[PDB]
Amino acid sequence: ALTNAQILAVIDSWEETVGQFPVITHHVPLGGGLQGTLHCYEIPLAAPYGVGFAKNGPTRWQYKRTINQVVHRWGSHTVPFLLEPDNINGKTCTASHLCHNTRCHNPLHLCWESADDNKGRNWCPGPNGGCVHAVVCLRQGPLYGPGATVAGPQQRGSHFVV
């Protein structure tokens, strides 16, 4: 349907509108006991959010553009990867926040990857903690840590071995 040139047109209008979202400076742990700085372009909390942006859910938004009399809509974060495929190895791709900030829409803090790879980053040590992600992390997962496990493995008798 849409032409490559028309797509690009969209992406570009996107980047502009997004470009004017307020910029927020965030200190994030990169790992290795090192701290870094990031800048998220966060969509407003309430309307108006932007030109062509709407909220379909609490932390959900959609971008909509009319072209040759037909309305087109996509996920507020799916645009930068409109030219990229929509499945890798049979796995549907989505937009993953590398900053772990939903409201943020900076494409530099985003990526196209499966739902599993996306979640994984949640527990990643960080680029400085030892991240091994093909597309490196810009920050250490917000869940990385030793955890708060209550009870470990244990048997009362001796009916088992490891």
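Numbers follow the displayed sequence, beginning with 1.
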Test of understanding: from the entry's C-alpha B-factors, which stretch has the higher mean, 83-91 or 67-75? 83-91
For the C-alpha atoms alone, is the average B factor greater in 92-100 or in 25-33, going by the entry? 25-33
Of the options 39, 105, 119, 60, which has the highest CA B factor as deposited? 60
Among 13, 149, 154, 20, which carries the highest Cα B-factor? 20
Which third of the chain holds residue 112 when residues are ordered by C-alpha B factor: lowest, middle or highest? middle
When the deposited Cα B-factors of this chain's modelled residues are ordered and cut into thirds, is residue 46 in the lowest, the middle or the highest one? highest
CA B-factor placement of residue 6, once the chain's modelled residues are sorted into thirds: middle
Mind checking which third residue 134 falls in for C-alpha B-factor across the chain? lowest
